[PDB]
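Chains: A, B, C, D, E and F, in written order; residue numbering restarts at 1 for each.
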Amino acid sequence: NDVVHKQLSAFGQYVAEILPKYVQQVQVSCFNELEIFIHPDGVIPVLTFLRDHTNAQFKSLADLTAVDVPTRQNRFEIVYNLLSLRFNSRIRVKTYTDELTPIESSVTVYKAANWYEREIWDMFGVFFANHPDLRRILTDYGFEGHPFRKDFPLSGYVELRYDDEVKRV
Amino acid sequence: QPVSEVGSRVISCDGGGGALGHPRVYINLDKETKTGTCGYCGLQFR
Amino acid sequence: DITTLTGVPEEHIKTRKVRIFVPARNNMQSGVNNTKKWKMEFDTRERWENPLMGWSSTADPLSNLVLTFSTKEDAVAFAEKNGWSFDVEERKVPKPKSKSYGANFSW
Amino acid sequence: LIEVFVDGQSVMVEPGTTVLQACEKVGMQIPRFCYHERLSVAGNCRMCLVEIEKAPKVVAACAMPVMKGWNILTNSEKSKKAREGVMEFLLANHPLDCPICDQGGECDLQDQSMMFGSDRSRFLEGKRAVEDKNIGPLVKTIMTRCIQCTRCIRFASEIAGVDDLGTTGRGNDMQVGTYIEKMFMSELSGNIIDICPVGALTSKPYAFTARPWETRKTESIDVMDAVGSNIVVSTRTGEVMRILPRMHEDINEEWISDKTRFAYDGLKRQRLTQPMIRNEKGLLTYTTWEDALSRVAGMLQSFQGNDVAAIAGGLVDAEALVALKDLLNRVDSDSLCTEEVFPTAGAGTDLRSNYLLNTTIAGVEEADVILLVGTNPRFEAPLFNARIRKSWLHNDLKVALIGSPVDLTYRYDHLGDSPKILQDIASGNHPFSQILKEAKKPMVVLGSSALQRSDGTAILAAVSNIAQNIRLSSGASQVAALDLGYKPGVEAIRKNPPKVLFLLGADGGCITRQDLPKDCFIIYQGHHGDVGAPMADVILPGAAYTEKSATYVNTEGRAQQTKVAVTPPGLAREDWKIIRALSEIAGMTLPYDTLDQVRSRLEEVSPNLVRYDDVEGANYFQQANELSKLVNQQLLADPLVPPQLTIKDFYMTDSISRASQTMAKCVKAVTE
Amino acid sequence: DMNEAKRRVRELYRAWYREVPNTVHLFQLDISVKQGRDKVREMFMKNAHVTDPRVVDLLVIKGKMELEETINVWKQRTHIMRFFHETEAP
Amino acid sequence: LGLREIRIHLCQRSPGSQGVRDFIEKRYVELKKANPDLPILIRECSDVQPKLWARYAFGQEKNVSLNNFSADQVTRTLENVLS
């Protein structure tokens, strides 16, 4: 449909003008998916308004994905889906991040993001500032190296096995 | 197996039946000095 | 250097080397697509055989790993961020060549 | 250079040059078959059709040169309908053989069928199919899968130079198979297995054994020749499957030899696995690695100073030679003995350049005359023979044999006998000396075979004089050692020296065991039981070239390295590492231990080897080398016969090649 | 800058060291009570050459979580005995 | 006669090399005629500082670094070369 592509286009322009201290570009994937960019420092302020009405009542994170790419000056590339209800439609803001720079946590803005901060922390190196409690999930205890680092072998570097002489795995 | 022979020339071997055997292939018989073994079936022809 | 951050055992940031290169065209192919774009293959280690069934049982943690890139400098810098030993190799684009259907008919 | 528009953007393209080459320059890739650079253009297989910006009908992309601001819509719909149009025709008869055809993993015809060809079939009749044409020990012709991109004939007539095979008949029934049963053997016969577009021609020895998506594809270089061509070895997990050429402008350029292509097969058969001491009975017997190495480690201390005499094979091994070198200097005296009876007085070694092939082989096409003396180029170095033939078509430049009856593919002047025609032209007695005078950038090539022949030094002196004259008028296991001065290299130092140390006696062990009654003991650090092992006490298992990282030097002086592939077969280790163990046992532990520390030792003892692709040097200048050799000069003789002559003689050289099943099948093939 | 982070790590050593006997007690570990301490000191020597600014504080972030786990009885005898690599062939 | 070998390294383009480059086109043949004996390897190695190396039966090695020295100075250390 052309129509949706129109409305998303114009709306992308709309937000592009409303708050352009940080919207690097508002590309519309041709199959009707808008997606603006964000300077990594700018995460909270954008998303904040993204809940706040103008039309951007995009409540509820659908997810907090963390695409990786070995190239680029900063490899990890965070992504935020969002959904507005009354105007039933979805957008997708996203940023970028150094292996070492601590981007802030976005838990307060989208509310249901507490679990995700922990996820991406234990599936990646990236740290979220002002997060109440990053800690491991989806792993063993020690384990150490983050998976999903695009490098890092799927077979990992370790294995458990039970050993009778010490009577322990 | 006995070697099948036909007075014609080119023949098609499907390995027995339609869509239950190997892909249809035509075995040439340009040289009478040798049998025409099928690629998949393994059945000689002349 | 981020060696402490990665959980990787010291052995494999040490006693082995990456081997950056842009892959050669499979020569059976006439295609060119897969040729381009740097990748970051590691060196091979030992791989024996399963006493049973004859499988190629293998010890090394990370033999199969491989990574694409857009630019070589980015690749070298990449491994440097990892503190990796490396063997950078030149892109080896074929020289352009003259061609002429009529030169076949000089005399 | 003309401006031309690839679909949209302007491109300042080179004058003339085919539309295909234009889009190649923008990088967009036209579908192709019959065309191939490093071969020749042809109008068959019109899968390359592309649409002119304005002219209504499409033209073959590799045909028309670009000109005058042309625009060309590769993606234009009419082009696409054209391509589907052709592809349906190609697939109208190619037999349903994908699962069994050995080309199945990457046949270009498949991928072209995917990217462009319409998916529904709409042929609905009967494919033609044709009988096989047996051709030799190697290639497995199947035909029927043939699509008459003549290609292979354009390979044969224009590179192998043989024109035995060719097209036959008209319309359908026309066949690229050669008429008459006669077998087609040639030294470049192997490369067609690469060149063949589909599965119509694929290597018998490798056949069925594996599938393309499976095998890992290591990059390295050949060792069967010191020519040093780049390759892609391919292994199905822990075991080598098949070799293919890897293109490189300075050497192989997409081609490869043939003895090398099937050389790997010998690795699988007889090979060193465990150390083997002589027993009291004189039988070879399997042993622990440790007791053996400690045994000889103590054994060679008594003879510190001279006595002990290491002997390299013809294949080995840069890191092994530095390691063994310190083995020989930490011990007080030593035997740097190669194998080829290469003359050393007057020292071509110290100046480096005399044993170098001065012009790049890449520079060979620039030379306007070639002076081949003593040994035929094709058997000694096929890629070079391909190079000179390549220019032979590209240029009308002269060449000359000095001298043999050998059958090189192309027209060339034949001379007479060594001191005769050589010293005569050197003194300008030969008319040939004149044409050598007027010639631009003259090239004189002297084979390694000539360097022995009883009085090798005399032959070298004669050829050097010719080099001096031109200037006045104006207008393995070999080059590596001489990069590090292991001359004499010849075993002529003797003076019988007890406890010889083979790196590989499979080659020079055929000679004589004269030191053995004086000292039967011979450490043997080979990787086959061939020749050297049976007549040698204490056997050391050792790695083949696929495993070792060790560099080898191009005859040009390029010194590029092989990479690891499949690890040593058994208890065997990489060769040098045994020595770095040995010195450590002796108490004269060497400064290096890692491969890279000892690459730092190349970074001292040379340090020009640590420049893997860098042939260039300051050069000693030919006149200065001439003066350096001027003080010797000695009596000569007429005869000069190259070792190989026949191809069957070419099939067997180093012990690995005789361990080959398929090479044995070839030597049986040509002889029967 | 460095040093400001080094104090952090010393604090961390205090915490670990003092906690260790409780670890051996509560977990019924039969490691020599000293050995855990020594091994702690060693693990502290493992990165005793790191010199980057932010990387070290990040190191104490990853250092907190472990004492965080042993204090909460998260991980177990297996998981905490894991550090000693005791089953490995020399 | 302790020395077994001698070697020399020379980049083709550093200026500090030419005072040694000049040493080779002319002094060299004089040297070999003066030195039938032990090997005198020359290299075109592009090490920025040209060098000198000397083997013993001991395996110990002379290691003479040089910078932009006159060829006569090269000759000087070369005559300092002895048994």
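By definition in this document, a contact is a pair of C-beta atoms (placed from the backbone, for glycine too) under 8 Å apart; a residue touches a chain by one contact, two chains touch by 3 or more.
Engineer: Can you name the chain whose C-alpha mean lies closest to the mean of all the C-alpha atoms?
Structural biologist: Per-chain C-alpha centroids ranked by distance to the global centroid put C first.
Engineer: For the chain pairs A-E and A-C, which is connected through the larger number of C-beta pairs in contact?
Structural biologist: A-C
Engineer: Taking each chain's centre as the mean position of its Cα atoms, how many Å separate chain C from chain D?
Structural biologist: Averaging C-alpha atoms per chain gives centres 23 Å apart.
Engineer: Starting from the mean Cα coordinates of chain D and chain F, work out the distance between those two points in Å.
Structural biologist: 35
Engineer: Could you put a whole-Å number on the gap between the CA centroids of chain B and chain D?
Structural biologist: 43
Engineer: Taking each chain's centre as the mean of its CA atoms, how far is chain A from chain F in angstrom?
Structural biologist: Computed from C-alpha means, the inter-chain centre distance equals 65 Å.
Engineer: Where does chain E touch two or more other chains at once, residue-wise?
Structural biologist: Expected reply: 55, 58.
Engineer: Which chain D residues sit where two or more other chains touch them?
Structural biologist: none
Engineer: Find every residue in chain A that makes contact with two or more other chains and list them.
Structural biologist: Residues 100.
Engineer: Identify every two-chain combination in which the chains touch.
Structural biologist: Every touching chain pair, ordered by label, is A-C, A-E, B-D, C-D, C-E, D-F.
Engineer: Note which residues of chain D are touching chain F in the complex, please.
Structural biologist: 305, 326, 329-330, 332-333, 347, 349-352, 484-485, 487, 588, 604-608, 611, 614, 616-621, 624, 627-628, 630-631
Engineer: Which residues of chain E touch chain C in the complex?
Structural biologist: 47, 50, 52, 55, 58-59, 62
Engineer: Please give the residue numbers of chain D that touch chain C in the complex, ascending.
Structural biologist: 14, 16-18, 21, 25, 29, 32-33, 36-38, 40-43, 62-63, 103, 106-108, 111, 194, 197, 212, 217-219, 232, 237-238, 244-249, 254, 563-567, 596, 613
Engineer: Once bound in the complex, which stretches of chain C touch chain E?
Structural biologist: 1-2, 4-5
Engineer: Please give the residue numbers of chain C that touch chain D in the complex, ascending.
Structural biologist: Its residues touching chain D are 19, 21, 24-33, 43-49, 56, 85, 90, 92, 94-101, 104.
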